[PDB]
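Engineer: Under PDB author numbering, the first residue of the sequence shown is numbered 35, with each subsequent residue one higher.
Even for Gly, the Cβ is constructed at its ideal location relative to N, Cα and C.
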Amino acid sequence: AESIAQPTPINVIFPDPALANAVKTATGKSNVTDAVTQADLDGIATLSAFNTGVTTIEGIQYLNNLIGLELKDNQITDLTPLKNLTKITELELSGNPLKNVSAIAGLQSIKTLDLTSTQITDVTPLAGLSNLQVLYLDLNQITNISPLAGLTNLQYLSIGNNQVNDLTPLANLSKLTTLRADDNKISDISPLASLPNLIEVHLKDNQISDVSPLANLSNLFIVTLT
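1) Run the CB neighbour count on residue 245, radius 10 Å, all protein chains shown included, and call it buried at 16 or more, exposed below.
2) Under 8 Å between the Cβ atoms of residue 114 and residue 79?
3) Which residue comes first and which comes last in the beta strand (DSSP E) that contains residue 256?
4) Can you say whether residue 142 is buried or exposed, counting buried as having 16 or more other CB atoms within 10 angstroms of its CB?
5) Please go through the segment 87-137 and give each complete beta strand (DSSP E) segment of 3 or more residues, from N-terminal end onward.
6) Within the segment 163-197, note down every full beta strand (DSSP E) run reaching 3 residues or more, in order along the chain.
7) Pick out whichever of 77, 39, 110 and 73 has its Cα sitting closest to the Cα of residue 53.
8) Let's see if you can read the secondary structure: which residues bound the alpha helix (DSSP H) around residue 59?
9) Given this structure, state the Cα-to-Cα distance separating residue 202 from residue 252, to the nearest angstrom.
10) Return helix, strand or coil for residue 42, following the three-state DSSP convention.
11) Among residues of its own chain, excluding the 5 on either side of residue 45, which ones have a beta-carbon nearer than 8 Å to its beta-carbon?
12) Rounded C-beta distance between residue 215 and residue 237? I'm assuming under 8 Å.
13) In whole angstroms, give me the CA-to-CA distance for residue 86 and residue 171.
14) Could you check which residue in 212, 130, 221 and 36 has the C-alpha nearest to that of residue 199?
15) Classify residue 79 as helix, strand or coil using the three-state DSSP reduction.
16) Do the segment 221-233 and the segment 168-185 meet, that is, are 3 or more Cβ pairs less than 8 Å apart?
17) Take residue 207 as the anchor and find which of 103, 231 and 243 has the nearest alpha-carbon.
18) Residue 132 and residue 103 - do their beta-carbons sit closer together than 8 Å?
19) Does DSSP put residue 213 in a helix, in a strand, or in coil?
20) Are there 16 or more other CB atoms within 10 angstroms of the CB of residue 210, so buried, or fewer, so exposed?
What follows is the structure, encoded as structure tokens:
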């Protein structure tokens with residue numbers, strides 16, 4: 035567990051004013067210049083700073099018991115302060131210019147991960163996130179899904195607006211109920227025949243000729259194509 039040395043002002047620990055403002059609210063303090071103890075930081079379960087101009091998450095390392103982090107539509111480039119967090123289950127980083135997600139590979143506790151529009155090309159760091167249930171990878175430039183093959187707890191996978199051409203890595207994800215994959219380079223959907231719990235399959239703007247692998251899936255509410 036990580037710990038501040040003494041009582042420190044919130045805007046020293048969290049140099050980003052937007053994130054400072056969110057910790058001020060989460061700790062019940064009056065001003066970002068007010069002091070917090072490590073106990074105040076250890077009582078933050080969830081932190082939300084959606085669309086507030088956050089550019090750095092320095093200070094987050096002290097939030098030992100953080101469970102949910104909602105940081106959609108900010109301008110965060112460095113995820114290093116998250117590295118050693120051990121209880122985060124919900125991480126929402128949609129819209130941030132991440133470029134890669136190497137820094138999250140150790141976050142084994144993550145159940146829900148949103149990496150929509152993060153300018154990523156590669157999901158190799160996700161292979162160790164064995165507890166992942168909900169994954170959004172939409173609006174990136176991802177080609178290879180091989181690193182997801184061991185993510186056997188996945189129920190919801192969204193990979194729309196990428197450059198994916200092979201669904202073979204999805205063959206063992208037997209808990210999947212939703213696959214959203216509009217606007218990719220998919221032509222063979224044979225892998226989906228071994229996914230019996232599929233309810234919703236979105237496959238618009240792909241290059242699919244043969245829908246036989248869907249014929250035996252008995253829980254299917256909708257498949258979409260163009």
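Structural biologist: If we stick to the structure as given:
1) exposed
2) no
3) 256-258
4) exposed
5) 102-104 and 124-126
6) 168-170 and 190-192
7) 110
8) 51-60
9) 21 Å
10) strand
11) 51, 54, 66 and 67
12) 6 Å
13) 22 Å
14) 221
15) coil
16) no
17) 231
18) no
19) strand
20) buried
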